Amino acid sequence: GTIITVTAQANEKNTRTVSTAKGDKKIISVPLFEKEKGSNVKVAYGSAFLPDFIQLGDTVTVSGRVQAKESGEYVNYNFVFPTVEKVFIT
Amino acid sequence: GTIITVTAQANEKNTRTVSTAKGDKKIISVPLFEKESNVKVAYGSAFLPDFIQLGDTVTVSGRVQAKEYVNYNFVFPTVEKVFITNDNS
Amino acid sequence: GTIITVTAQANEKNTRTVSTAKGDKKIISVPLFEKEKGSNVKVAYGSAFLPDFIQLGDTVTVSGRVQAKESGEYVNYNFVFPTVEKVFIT
Amino acid sequence: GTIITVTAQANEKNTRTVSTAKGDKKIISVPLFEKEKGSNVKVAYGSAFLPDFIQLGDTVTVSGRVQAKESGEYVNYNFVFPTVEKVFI
């Protein structure tokens with residue numbers, strides 16, 4: 001099996017808010033692999049729900065399985081019950 | 001940054017031998033995510049140390065970089081054999 | 001933060017079944033780091049719940065964070081809600 | 001096998017300069033797990049060499065095999081040829 005561990009800073013570009021069965025949850029869009037900066041290749045991004053105590057500007061580690069699924073002719077990449085962790089930064 | 005850890009078996013179907021700077025060396029192809037479905041799975045490549053035999057199960061771990069046509073390559077990964085027996089029942 | 005990914009085979013020495021009010025739970029116990037052959041160090045082992053379908057002989061990857069707890073003189077290392085997936089072996 | 005992946009910011013308290021045969025290099029020390037709020041337990045710290053371009057204040061991801069080794073009564077936890085990368089912030 002495959003485990004993917006990403007570190008990224010939560011910001012206005014990579015975050016979104018959805019209304020769920022109970023409350024509002026933030027979702028982050030994180031890269032599934034790396035590329036040459038200024039290169040023409042396409043990086044697949046995965047989604048993961050964030051814990052409620054995380055805010056914009058925080059750096060997080062998102063870690064777990066990723067599953068690719070179809071919605072129409074769009075390909076969704078989703079983390080399946082990942083571990084999400086805040087990184088301490090001063 | 002992005003670290004990918006994959007455990008897979010080195011079978012003849014996902015392993016090829018290529019000529020390197022110093023001798024014949026094995027390369028393994030490993031999946032980078034899972035599917036439910038008509039999606040295309042991306043596969044990453046990594047060299048295997050000499051002692052690894054076809055049938056061995058290995059863990060490959062490290063950064064995956066997509067290089068320009070695109071290839072997904074592990075950049076100096078950790079590779080370790082997983083010890084597997086047949087069960088007692 | 002810290003993510004620990006361990007791959008091990010389920011066998012008689014590392015896996016057990018505990019009867020609970022919710023039925024049979026399967027607990028695996030895996031090494032958190034390695035040691036030299038003929039070393040005095042006592043390796044920490046972390047525990048995690050296996051899914052119902054897993055049997056002895058199966059090879060699994062356990063992945064996530066580990067917490068150290070005090071219990072008498074015994075120290076417990078637990079995976080906190082880890083990802084558990086089965087590796088396919090032929 | 002076992003892989004540990006840790007993200008930590010490099011500061012004066014977890015980073016030290018040591019002399020090697022290759023010149024002077026920085027080693028970072030990072031916790032290998034967490035502890036419960038009111039528990040009197042010690043956390044193992046893993047060591048890795050930092051690349052020369054990394055600096056105090058940078059956040060870095062270290063990932064790889066961790067090997068414990070003894071010397072007298074002292075116990076070292078060592079990353080074995082880890083992947084070390086910088087995090088953009």
Side-chain angles (χ1 to χ4, degrees), chain A residues 3-39 41-69 71 74-90, chain B residues 1-4 33 63-66, chain C residues 1-4 63-67 80-83, chain D residues 5-15 28 30-31 33-34 37 54-63 83-89:
Chain A
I3 294 290
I4 298 178
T5 297
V6 203
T7 294
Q9 180 164 18
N11 56 48
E12 306 92 300
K13 281 168 79 180
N14 64 6
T15 284
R16 175 188 51 261
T17 294
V18 83
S19 281
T20 51
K22 278 164 181 175
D24 298 313
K25 285 205 275 180
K26 280 173 181 161
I27 312 170
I28 189 164
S29 193
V30 286
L32 308 184
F33 35 84
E34 298 171 355
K35 63 180 280 169
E36 298 165 330
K37 318 203 161 205
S39 132
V41 306
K42 293 291 162 190
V43 172
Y45 277 64
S47 296
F49 294 81
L50 294 171
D52 283 352
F53 69 86
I54 281 143
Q55 326 278 98
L56 299 194
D58 297 326
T59 303
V60 298
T61 302
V62 182
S63 173
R65 286 174 38 154
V66 166
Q67 186 179 295
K69 148 189 80 197
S71 316
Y74 182 88
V75 175
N76 261 305
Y77 294 94
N78 291 314
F79 284 81
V80 178
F81 303 111
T83 297
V84 182
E85 204 170 351
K86 188 169 183 288
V87 185
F88 166 80
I89 289 155
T90 36
Chain B
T2 304
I3 304 286
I4 298 167
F33 48 86
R63 297 171 58 208
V64 174
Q65 193 161 69
Chain C
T2 282
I3 291 291
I4 299 185
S63 184
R65 25 183 258 173
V66 171
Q67 198 188 36
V80 191
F81 292 120
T83 305
Chain D
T5 292
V6 194
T7 306
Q9 185 178 220
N11 56 64
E12 307 157 348
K13 173 150 148 60
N14 63 359
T15 306
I28 192 161
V30 277
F33 40 81
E34 285 148 59
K37 276 196 165 192
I54 280 150
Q55 285 181 307
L56 265 39
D58 301 339
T59 309
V60 290
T61 301
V62 188
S63 178
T83 291
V84 174
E85 54 167 0
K86 193 199 174 193
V87 185
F88 157 70
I89 282 137

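Below, chains carry the letters A, B, ... as their sequence lines are ordered, and counting in each starts from 1. Side chains are part of it too, since the values below use all heavy atoms of this structure and drop only hydrogens, waters and symmetry mates.
- Residues passing the ring pair (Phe, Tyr, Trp, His ring centres under 6.0 Å) test with A/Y77, sequence neighbours excluded: B/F33.
- By the 4.5 Å heavy-atom criterion applied to side chains, A/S63 and A/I3 are counted as neighbours.
- Shown here for A/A68 and A/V75, the closest heavy-atom pair between the two residues is CB-CG1, 4.2 Å.
- Across every non-hydrogen atom of A/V87 and C/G1, the tightest pair is CG2-N, 4.2 Å.
- Inspection of the A/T7 and D/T7 side chains reveals an N or O donor paired with an N or O acceptor under 3.5 Å.
- Taking the side-chain contact (heavy atoms from CB on, under 4.5 Å) definition, one finds that D/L56 meets it with D/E12, D/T15, sequence neighbours left out.
- Scanning for side-chain hydrogen bond (donor to acceptor under 3.5 Å, both in side chains) contacts around A/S71 gives A/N76, with sequence neighbours left out.
- Side-chain contact between A/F49 and A/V18: present, with at least one pair of heavy atoms (C-beta onward) separated by less than 4.5 Å.
- Here the straight-line distance linking atom CG of A/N11 with atom NZ of A/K13 works out to 7.0 Å at 0.5 Å rounding.
- Scanning all heavy atoms of the two residues, the minimum distance from A/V84 to A/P51 falls at CG1-CD, 3.5 Å.
- For CD of D/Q55, the number of neighbouring non-hydrogen atoms (other residues, nucleotides, ligands) closer than 6.0 Å is 12 at most.
- Within a 6.0 Å sphere centred on CZ of D/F88, other residues, nucleotides and ligands contribute 12 heavy atoms or fewer.
- Scanning for side-chain contact (heavy atoms from CB on, under 4.5 Å) contacts around D/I89 gives A/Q9, A/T59, A/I89, D/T59, D/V87, with sequence neighbours left out.
- Atom CD in A/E85 sits 13.0 Å away from atom CG in A/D58 (nearest 0.5 Å).
- For A/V6, the side-chain contact (heavy atoms from CB on, under 4.5 Å) partners two or more places apart in sequence, or in a different chain, are A/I4, A/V30, A/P31, A/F79, B/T2.
- The CD1 atom of D/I54 lies 8.0 Å from the NZ atom of D/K86; values are rounded to the nearest 0.5 Å.
- Residue pairs satisfying the side-chain hydrogen bond (donor to acceptor under 3.5 Å, both in side chains) criterion with at least one member in residues 24-34 of chain A, sequence neighbours excluded, are listed as follows: A/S19-A/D24, A/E34-B/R63.
- Distance check, rounded to the nearest 0.5 Å: NZ of D/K37 to CD of C/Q67 gives 11.0 Å.
- When every heavy atom of A/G64 is checked against every heavy atom of C/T83, the shortest pair comes out as CA-OG1, 4.1 Å.
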